[PDB]
Structure formats: structure tokens, C-alpha cells
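One chain is shown next in C-alpha cells, namely the form deposited in one PDB entry.
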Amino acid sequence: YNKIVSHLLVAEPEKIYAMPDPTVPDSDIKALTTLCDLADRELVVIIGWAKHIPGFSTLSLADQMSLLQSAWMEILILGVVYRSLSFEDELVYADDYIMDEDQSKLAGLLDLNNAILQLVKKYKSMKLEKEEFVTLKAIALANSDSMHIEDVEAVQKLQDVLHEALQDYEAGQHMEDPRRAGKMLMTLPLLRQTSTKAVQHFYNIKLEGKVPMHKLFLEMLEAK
């Protein structure tokens, strides 16, 4: 199929383990610490991944920063959603950190994790493929609606290139449904909604000051 889609597949970062501290008692603080640590490490690999997306590294460093500051939590959430598609009512944050409903309630995350499971339900019913996942993650970055963009035209061109790759992929692989690309685009509002909820939830955990957070995670929470 499509070269952009095959490129994004090879660019996909390796799996990251959560490694919850086995010496620490189970608690909301432990679960939130574990998840913020996991996000901080994944943010480093997301920054390296973005540089493989055609055209991203040609933007100004200000525009690269702006796109990542608006999209980072969408990119993190799509990863959790993709890993969870084979599971039932469980979120695969990592292979060693799978959260069921009881664990979500214990971490104060039931409402957020229920919205993430809504994303999973719709992608399961649409039989989301890895090809579509990686292309939607790149589109989410390009379409993140930063208020701070310098080169509006170059960011539109990045959107168009990635949109064209999704449409060409679907035209070739899914002739049974000539509107499947647009169905995939219509999944992006719920991702935006769930990301905004997540950022607000963890910004409030930051303000409460009971969960240690590493520098990069903090930098991205603070950006908004």
C-alpha cells in the first residue's frame, strides 16, 4: 500500500513497561505516580517519533513545540486505546499495567477511563487496523488546533499530506466502504474530548501536590 503509512509503521516506538514499584503499597498515589512516570517516558519517544513524520522537522522549532503541546495527551491516549482493542472493559496502559474498573475507581480515574473505553468500543466495532492507528496518531498531531502556529500554510500542508495517506490507504484496502476514511476522521472529536478531560484531571492532581511528576510531563501539563 501507501508509503507514508508503511513509514509510520516502521517509526512506531517500542513498548514501554510501567514497572509499578513492588515495595510500595497499592494506593491512588501509587497508581497516579506510576501512570505519570509512564507518560513522562512515553513523551520522550513521542518527540523522537514526530521527527519521522514527513515535513514535521521542516517546521520551525516553535511550530513543532506548538503541535506537540496541543496533541501530546491525544497521542498518549490513542496508544492506550490501540493496546486495549483485544481486551474487554480493561485499559492496557502497559503489558504490566492493565486497569479494570475496580482499579480505575481506586485511582479516582473511573470517569476518565470510561471515556477512554468509549474510544476503544468504537474502534473495536470499526475493526481499527495498526495502519489506520498510526496514520490517525500523525493526523491528531497535525490537526491539534494550537492557537500559536507561525506557518498556518505549512501546518495545513502537513494535515493534507497525512489526510491523503489515510484516504489512499482506505481506497486501496477498503473498497467495500468508500467512506471509511471519513468514518476514521469522525473518531477524532471523541479523542479531543477525552484528551481535554485527561489534561484537566492531571493538572488538578498537579495542583493538589500529592503525586511527584518528572520535568517533561510537567512542562506539557503546564503548557495549557
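Think of the rigid core as the biggest set of C-alphas that the two forms share within 1.5 Å after superposition. One rule holds for the numbers: they count along the sequence shown, beginning at 1. Only residues modelled in both forms are compared.
What comes next is about the form deposited in another entry, which does not appear here.
Rigid core fitted, is the C-alpha displacement of residue 14 between this form and the one not shown 2 Å or more?
After core superposition, the displacement of the residue 14 C-alpha between this form and the one not shown reaches the 2 Å mark, so yes.
Note whether the distance between the C-alpha atoms of residue 145 and residue 13 decreases (closer) or increases (farther) in that other deposited form, against the displayed form; the change is 3 Å or more.
Their C-alpha distance grows by at least 3 Å in that other deposited form.
Do residue 13 and residue 67 move together or apart in that other deposited form, judged by C-alpha distance changing 3 Å or more?
Compared with the form shown here, the C-alpha atoms of residue 13 and residue 67 sit farther apart in that other deposited form, by 3 Å or more.
After a core superposition, which runs of 3 or more consecutive residues shift by at least 2 Å in C-alpha position between this form and the one not shown?
Core-superposed, the runs shifting 2 Å or more come out as 10-14, 20-25.
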